[PDB]
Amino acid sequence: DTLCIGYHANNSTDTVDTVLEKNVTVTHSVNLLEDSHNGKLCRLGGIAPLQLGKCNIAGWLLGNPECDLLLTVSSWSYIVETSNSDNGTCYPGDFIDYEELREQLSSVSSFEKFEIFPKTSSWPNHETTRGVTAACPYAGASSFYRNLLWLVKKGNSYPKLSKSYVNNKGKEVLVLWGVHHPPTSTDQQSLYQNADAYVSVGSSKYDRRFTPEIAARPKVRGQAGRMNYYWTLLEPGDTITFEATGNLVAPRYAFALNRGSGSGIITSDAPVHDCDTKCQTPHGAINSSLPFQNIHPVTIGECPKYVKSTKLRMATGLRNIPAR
């Protein structure tokens, strides 16, 4: 009569590495590394993402004519820019602190767009119907930003304008505007009369003065002139005031921002789908409980920690010795 002591063995082909030996076949093990995604841009918390498509943040917030599709959107899980998000400022110029604004939008989950300075009632003494350019076409016709209003002289007169808005929203109000710099003094005159015009903008915190910089610059989109864009976050109950004797590309629509959660902007060329996920990457959604992933360092939601590993498998069982 005999009694032996032994250990388990099976037909597992799972292998793991150890300090003293690589490629050791074991009976049981768990893979800790997730490497699969669905290749789609899904919604998080039931909210669809914002597909900027052919447009980028600048174009979206300014109301570039080519971004009309976005006009009715005001809630999103995350903002998506593609490789072809080239539609921004159709009229050449510098967008001041543009990166900082993008940064600010990363914690904005939704907003309420409102016509801060109505076009048909805010400017009785200035022309409101000639601010178009072939640089910002729409349907082949010269047009302009939907959220800004390019004001020019009225009957050879550009009186000093003064306009104010009191933040009545109970939240932050992103206000955008622009300052146009004509290429020549004659253009300056045909547009605003005042050879020496200026634009002034202020609030309890914001305070800046703008001076037209006349000069012919290498043409971009047919324009030798330039238009610079500015923004600021008007705090609740605070007041923003605009003063100008010319060159003001006045605010038309503004945004009451809603901070909401760690959200953000991603650059992806992956398509959107009627799909839900708790974890989103620029390559597609991850549905996993594993602690690690090597899909992409950029994630949104609750995701496994990004790691550059190709394999992370833990032995749970023992050295498999079928000894067949």
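Note that residue numbering follows the sequence shown and begins at 1.
Remark: stretch with higher mean C-alpha B factor among 25-33 and 44-52 is 25-33. Once the C-alpha B-factors are averaged per stretch, 83-91 and 172-180 rank with 83-91 first. Take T232, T133, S110, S121 and read off each C-alpha B-factor from the entry; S121 has the highest. Among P297, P65, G284, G260, the highest C-alpha B-factor recorded in the PDB entry belongs to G260.
Placement of the Cα temperature factor of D276 within the chain: middle third of the modelled residues, per the deposited record. Among the modelled residues of its chain, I240 has a C-alpha B-factor that falls in the lowest third, as given in the PDB entry. Placement of the Cα temperature factor of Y138 within the chain: highest third of the modelled residues, per the deposited record. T128: CA B factor lies in the middle third for its chain, per the PDB record. The deposited CA B-factor of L70 belongs to the middle third of values across its chain.
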